[PDB]
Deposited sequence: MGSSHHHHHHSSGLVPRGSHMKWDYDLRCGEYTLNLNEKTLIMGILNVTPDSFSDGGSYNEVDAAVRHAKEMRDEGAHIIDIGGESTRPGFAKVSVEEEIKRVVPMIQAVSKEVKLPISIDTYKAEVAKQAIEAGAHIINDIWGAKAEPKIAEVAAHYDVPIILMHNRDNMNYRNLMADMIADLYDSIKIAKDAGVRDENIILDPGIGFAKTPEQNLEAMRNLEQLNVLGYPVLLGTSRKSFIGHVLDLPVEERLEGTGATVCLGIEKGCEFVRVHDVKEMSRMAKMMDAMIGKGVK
């Protein structure tokens, strides 16, 4: 199905053998601008735990560019040293992405799909790292949700390829919970398999999101079963990664799905 592997510098991720689990890393120190022992040690311990629970990737990430870097760079430096898993930097700022990769991040994860700072795409091309382009927009005035999403996503692919990003370094994300009503988020989940025609790996990010709470009427800490459902549906519909808080659980559900769908 995928005739290439996701090359992540020292690590390589096979897109065919299993659904890949992206673990979402935790919390700033109230009295520092970054780098402090408490916050960095907590981060490493969480990365390690997620590694132990079946995570394949560690996702690390309103403040200023300077602060954002002072905060995230120490974390990338420790985790990359002490946890042997590829790291993604959760940013949409060109300069943050540069610093993070220098610091040791392997993948860029951009919630604005390179539309907030097109220059991030250049950073991506330059360092030759995979980049995640999530669907986003500042409004929710659609005429055909899926059609519009695919157009939007495609506008991001163009910015990315125009910058020099190789096809094999592009991953897409439907941006669930972003610029979408609850009913719209459900509709996107329902038609997720349409993203496939674009020909790129898809990452799903639904963990504990508000639309699950809207369906089940449950608070964030009570959303493991709902997250689970969305992950299951997502894998059935062909997604290659899921981005989750509950690594132990979701890793188990994914593995079971994989076995059933034959992956």
{"query": "Gaps in the model, given as deposited-sequence positions counted from residue 1", "finding": "1-21, 48, 84-92, 295-297"}
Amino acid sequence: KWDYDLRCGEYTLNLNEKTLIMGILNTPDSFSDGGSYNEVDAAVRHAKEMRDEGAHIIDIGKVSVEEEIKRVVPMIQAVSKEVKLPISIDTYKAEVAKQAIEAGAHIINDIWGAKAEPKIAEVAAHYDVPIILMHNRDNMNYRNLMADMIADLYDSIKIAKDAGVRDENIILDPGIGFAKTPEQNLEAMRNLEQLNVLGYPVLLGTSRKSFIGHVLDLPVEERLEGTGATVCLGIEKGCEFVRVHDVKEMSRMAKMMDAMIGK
From here on, numbers count along this sequence of modelled residues.
{"item": "At least a third of the other entries leave residue 62 unmodelled", "value": "yes"}
{"item": "Missing coords for residue 196 in a third or more of other PDB entries", "value": "no"}
{"item": "Mean C-alpha temperature factor, higher of 210-218 and 228-236", "value": "210-218"}
{"item": "Residue stretch of maximal mean CA temperature factor, 219-227 vs 65-73", "value": "65-73"}
{"item": "Position of residue 190 among the chain's modelled residues by C-alpha B-factor, lowest, middle or highest third", "value": "lowest"}
{"item": "Within-chain third of residue 134 by Cα B-factor, per the entry", "value": "lowest"}
{"item": "Ranked C-alpha temperature factor of residue 175 among modelled chain residues, by third", "value": "lowest"}
{"item": "For residue 123, the third of its chain into which the C-alpha B factor falls", "value": "highest"}
{"item": "Among modelled residues of the same chain, the CA temperature factor third for residue 45", "value": "highest"}
